[PDB]
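Topology and contacts: notes
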Amino acid sequence: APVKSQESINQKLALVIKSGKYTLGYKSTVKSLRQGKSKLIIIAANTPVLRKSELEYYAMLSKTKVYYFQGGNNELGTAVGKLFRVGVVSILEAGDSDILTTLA
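Rules of the game
Residues numbered from 1 in each chain as written, not as in the entry; some residues may be left out. Heavy atoms only, no water. Helix = DSSP H or I, 4+ residues; strand = E, 2+ residues; numbered from the N terminus. Rg over C-alpha atoms; globule rule 2.2 N^0.38 Å. Buried < 20%, exposed > 50% of the residue type's maximum accessible area, 1.4 Å probe, protein only. Contact = heavy atoms within 4.5 Å. Areas by Shrake-Rupley, 256 points an atom, 1.4 Å probe, with all protein chains shown as cover. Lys, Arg positive; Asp, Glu negative; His and termini not counted. Charge placed at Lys NZ, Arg CZ, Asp CG, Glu CD. Core = buried A, V, L, I, M, F, W, Y, C linked by side-chain atoms within 4.5 Å. Axes fitted to C-alpha atoms, helices over the stretch in contact; angles between N-to-C directions. Parallel < 35°, antiparallel > 145°, perpendicular 65-115°, else oblique. Left-handed = near helix turned anticlockwise from the far one by under 90°. Nonpolar A, V, L, I, M, F, W, Y, C, P; charged D, E, K, R; others polar. Expected span 1.5 Å × (residues − 1). Arc of directions from axis to C-beta.

If you check the header, you'll see the entry was determined by solution NMR.

1. Remarks on the overall build of the protein
Along the backbone of the protein there are four helices and four strands. For the protein, the succession of helices and strands along the chain, N to C, is α-β-α-β-α-β-β-α. Relative to a compact globule of 104 residues, whose C-alpha radius of gyration would be 13 Å, the protein shows 12 Å and is just as compact. Dimensions along the principal axes, computed over C-alpha positions, put the protein at roughly 30 × 30 × 25 Å. For the protein, the residues scored as buried account for 41% of the 104 residues in total. Here the contacts in the protein between residues at least 6 apart in sequence split such that 83% fall between residues at least 24 apart. If you sum the accessible surface of the protein, you get close to 5,700 Å²; carbon and sulfur atoms cover 63% of it. Between the averaged position of the 15 positive side-chain charges in the protein and that of its 7 negative side-chain charges there is a distance of 5 Å.

2. Concerning the nonpolar core
Core analysis: the largest hydrophobic core is formed by 18 residues, its most contacted members being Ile9, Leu13, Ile42, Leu76, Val80, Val89 and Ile91. Of all the secondary-structure elements, those providing two or more residues to this core are α1 (8–17), β2 (40–44) and β4 (87–93). The element contributing the most residues to this core is α1, with four residues. In this structure, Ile9 is in contact with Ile42, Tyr67, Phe69, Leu76, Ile99 and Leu103, ignoring residues within four places of it in sequence. Formed by nine residues, the second largest nonpolar core is a distinct cluster that contains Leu33, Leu55, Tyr58 and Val88.

3. Focus on the packing of helix α2 (residues 26–34) against helix α3 (residues 49–61)
Between two packed helices, the angle of one axis relative to the other and the distance separating the axes together describe the packing. At a minimum axis distance of 9 Å, the contact between α2 and α3 shows a crossing angle of 30°. Between α2 and α3, the crossing angle belongs to the class labelled roughly parallel. Crossing handedness for the pair α2 and α3: left-handed. Between α2, through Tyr26, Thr29, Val30, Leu33 and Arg34, and α3, the contact on the second element is made entirely by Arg51, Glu54, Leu55, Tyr58 and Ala59. In terms of residue class, the contact of α2 with α3 is built from six nonpolar, one polar and three charged.

4. Topic: unusual backbone geometry
Unusually for a residue other than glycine, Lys82 sits at a positive phi of about 60°. Structurally, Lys82 is set in the loop between β3 (65–68) and β4. Look at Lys82 and you get partly exposed, because its relative accessible area is 47%.

5. A closer look at α3
With 13 residues, α3 extends 18 Å from end C-alpha to end C-alpha; this agrees with the ideal 18 Å at 1.5 Å per step. Those residues of α3 that sit buried are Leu55, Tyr58 and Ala59. Projected down its long axis, α3 carries its buried residues within an arc of 105°, all on one side. Exposed side of α3, more than 90 degrees from the buried face: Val49, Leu50 and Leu61 are the residues found there. Considering only its buried residues, α3 is in contact with α2, β2, β3 and β4.

Written out as C-alpha cells, the structure reads:
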C-alpha cells in the first residue's frame, strides 16, 4: 500500500476481476497458491505474523508477489465481494488489465 493508493489497487483489482481469474478468503488463497499457478496475492485483513508468513511462504513457493493492504479493517472488500470484510485475495490470470505486471 503506497500511502495514497488505497483507491487505485481497489479500482484496478475490481477492473481486473471483471474478467480475470481470482480467489477470495484464507483457505481459497492457500489452496490456489499451493496449486502454484498464482501471480499476485493481496492481504487486506487483520493477519498476524505467522498467518501472513504462511501466505507469504505460498507466495514464495509459487512464483508470486505479495501486496500488503492491511488497513486493519476491510478496505479491499469494496473491490472484491462487498459483503465480507476479510480482504485476503489472489490473482492467477489478469487477462484484463496489467495488474500483475504494474502492481508488481
